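Note on naming: letters A, B, ... go to the chains in the order of the sequence lines (proteins, then strands), and numbering restarts at 1 for each one. What's counted below: heavy atoms across the whole structure, side chains too, no hydrogens, waters or symmetry copies.
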Amino acid sequence: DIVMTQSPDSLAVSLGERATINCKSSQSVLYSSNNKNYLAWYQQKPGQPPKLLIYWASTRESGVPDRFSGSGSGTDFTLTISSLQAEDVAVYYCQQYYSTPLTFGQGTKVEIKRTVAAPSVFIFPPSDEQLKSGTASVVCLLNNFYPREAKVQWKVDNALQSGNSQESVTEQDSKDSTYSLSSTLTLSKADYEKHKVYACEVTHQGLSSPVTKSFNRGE
Amino acid sequence: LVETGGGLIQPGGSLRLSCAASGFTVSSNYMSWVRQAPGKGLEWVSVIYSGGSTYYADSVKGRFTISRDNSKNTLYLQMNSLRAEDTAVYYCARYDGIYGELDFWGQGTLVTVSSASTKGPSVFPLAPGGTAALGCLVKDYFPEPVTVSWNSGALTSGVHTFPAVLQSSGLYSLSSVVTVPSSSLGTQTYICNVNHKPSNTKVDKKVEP
């Protein structure tokens with residue numbers, strides 16, 4: 001069982017510039033009979049099957065841009081993406097096909113790089129019909145920001161919260177290269193009906209000082 | 001290759017994945033299965049050669065059996081004694097040659113190995129100058145996935161549909177949000193179209209200010 005290790009794990013480079021990804025196999029995949037390496041490179045977009053880019057190590061599949069190219073021989077390989085378009089945001093894998101079992105690398109995420117952008121922050125109190133079912137969900141939306149890292153602190157009656165919130169980040173937008181975050185505070189009707197001030201506090205590189213959005217229970 | 005068959009199944013249970021290979025002939029090609037666990041890398045499963053020989057990955061040998069009979073273009077993987085580690089999107093990979101294992105794909109089918117019963121979502125509204133935001137909270141569903149559209153696919157600008165968060169109760173939850181002009185709130189209608197197919201649930205919600 002040949003092992004494919006990819007380096008690095010994560011990557012982000014600016015538009016039109018150059019991203020490069022490595023792949024190392026534990027045994028040579030160079031077949032002497034034809035002298036064409038048994039290695040492939042794949043692009044996988046979110047929610048899509050992998051798409052083959054490069055077969056026999058350095059041959060572009062038909063319909064694939066001139067900007068992707070594969071290099072190397074035997075054990076050490078490289079995928080080079082010059083002029084990183086908007087459409088080129090995805091995960092890339094290397095795969096050998098010299099000897100079954102066919103084996104893959106763990107993948108390398110290729111992010112697009114852009115100028116800092118600040119989140120636009122919105123707060124929604126729980127809907128009336130959810131309060132009917134015995135629960136309150138307080139949502140906080142951070143819309144279109146960059147970079148991905150962002151600190152969201154829930155404050156209830158200006159008392160901090162820990163443990164009772166989750167979040168999820170949209171994948172890097174493929175048009176403006178930003179991200180978005182949803183943060184949900186989950187409380188029982190009983191525990192929600194106690195406090196007055198529900199505040200969502202946002203810390204981000206594109207904000208000079210923290211931003212708060214709050215509502216008073218009711219209003 | 002339209003992968004079909006996948007859904008919710010118990011441990012020790014069994015399923016067969018079908019594969020309508022309409023585009024090129026099944027018998028004219030070498031065919032395969034490759035799985036991808038949610039959030040993870042790719043994992044080769046099995047191979048059936050155009051000749052007829054078969055090989056398997058360590059973790060699926062005996063438990064899995066690949067099958068093919070040239071009917072109306074179809075490939076099959078038979079999965080028995082299913083464990084939770086087998087939870088994944090399963091893909092049909094067409095070869096382009098004998099040893100030629102350049103893989104070509106379709107769309108994939110989701111297999112969840114869980115003893116739990118299907119639960120459909122409840123859909124609550126996220127209520128809405130320059131830009132106002134609004135949305136839908138799609139709470140307490142199992143298993144994945146849910147799709148959310150806005151105005152039956154007419155509204156796509158400003159729409160963010162977040163990846164599902166697994167809650168402490170073990171049921172999934174997600175939100176879908178849209179940014180719209182403030183001035184067009186009490187005149188234009190906003191409905192999110194929530195679809196949770198595993199439980200045949202379809203919900204449409206007016207989002208009022």
Relative to chain B, which segment of A/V169 carries a heavy atom at a distance below 4.5 Å: side chain, backbone, both, or neither? backbone
Examine whether an atom of B/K139 lies under 4.5 Å from a heavy atom of chain A, and if so say whether it belongs to the side chain, the backbone or both; otherwise answer neither. side chain
Quick one about A/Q96 and A/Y38 (side-chain donor to acceptor, distance below 3.5 Å, no hydrogens or angles considered), yes or no? no
A/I54 versus chain B, heavy atoms under 4.5 Å apart: side chain, backbone, both or neither? neither
For A/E171, is it the side chain, the backbone, both or neither that has a heavy atom under 4.5 Å from a heavy atom of chain B? neither
Is chain A contacted by the side chain of B/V207, its backbone, both, or neither, given a heavy-atom distance below 4.5 Å? neither
Donor + acceptor pair across side chains of A/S182, B/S175 (<3.5 Å): yes
Of the backbone (N, CA, C, O) and the side chain (C-beta and beyond), which part of B/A127 lies under 4.5 Å from a heavy atom of chain A, both, or neither? backbone
Checking B/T179 against chain A: side chain, backbone, both or neither under 4.5 Å from a heavy atom? side chain
Could you look at B/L137 and say if it's the side chain, the backbone, both or neither that has a heavy atom under 4.5 Å from chain A? side chain
Could you give all pairs that pass the ring pair (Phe, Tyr, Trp, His ring centres under 6.0 Å) test and reach residues 173-199 of chain B, with sequence neighbours left out? B/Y141-B/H196
Does A/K175 come within less than 4.0 Å of A/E87, counting only side-chain N to carboxylate O? no
Decide whether A/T108 and A/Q6 meet the rule of one side-chain donor and one side-chain acceptor closer than 3.5 Å. yes
Is B/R63 salt-bridged to B/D86, going by a charged N under 4.0 Å from an acidic O? yes
Test: A/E201 and A/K151 ion pair at under 4.0 Å: no
Non-hydrogen atoms of chain A under 4.5 Å away: do they reach the side chain of B/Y91, the backbone, both or neither? side chain
Passes ring-ring contact (aromatic ring centres under 6.0 Å, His included), A/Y198 versus A/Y192? Steps please. CA-CA 10 Å; A/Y198 287 93; A/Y192 178 80; 4.8 Å; yes
Against chain A, label B/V89 side chain, backbone, both or neither, depending on which of its atoms sit under 4.5 Å from a heavy atom there. neither
Please look at B/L174 and chain A and tell me whether the side chain, the backbone, both or neither of the residue comes under 4.5 angstrom of a heavy atom of that chain. neither
Please state whether the side chain, the backbone, both or neither of A/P126 comes within less than 4.5 Å of a heavy atom of chain B. neither
What parts of residues 105-114 of chain B touch chain A if we use heavy atoms and a cut-off under 4.5 Å? B/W105, B/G106, B/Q107
Turns out that what part of B/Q36 lies under 4.5 Å from chain A's heavy atoms comes down to side chain
Checking A/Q172 against A/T178: is there a side-chain donor and acceptor pair closer than 3.5 Å? no
Are more than 12 heavy atoms from other residues, nucleotides or ligands located less than 6.0 Å from atom NZ of A/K155? yes
Does any heavy atom of chain B fall under 4.5 Å from the side chain of A/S120, the backbone, both, or neither of them? neither
Which atoms of A/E129 approach chain B - backbone, side chain, both or neither, heavy atom under 4.5 Å: both
What part of A/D1 lies closer than 4.5 angstrom to a heavy atom of chain B: side chain, backbone, both or neither? neither
Please determine if A/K51 and A/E61 form a salt bridge, counting it only when a charged side-chain N lies under 4.0 Å from a carboxylate O. no
Kindly confirm or rule out a cation-pi arrangement of B/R94 over B/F104, judged by NZ or CZ under 6.0 Å from the six-membered ring centre and within 45° of its axis? no
Would you please classify the geometry between the A/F104 ring and the A/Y93 ring as parallel, tilted or perpendicular, with 30° and 60° separating the classes? perpendicular
Side-chain ion pair, B/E208 and B/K206, N-O less than 4.0 Å: no
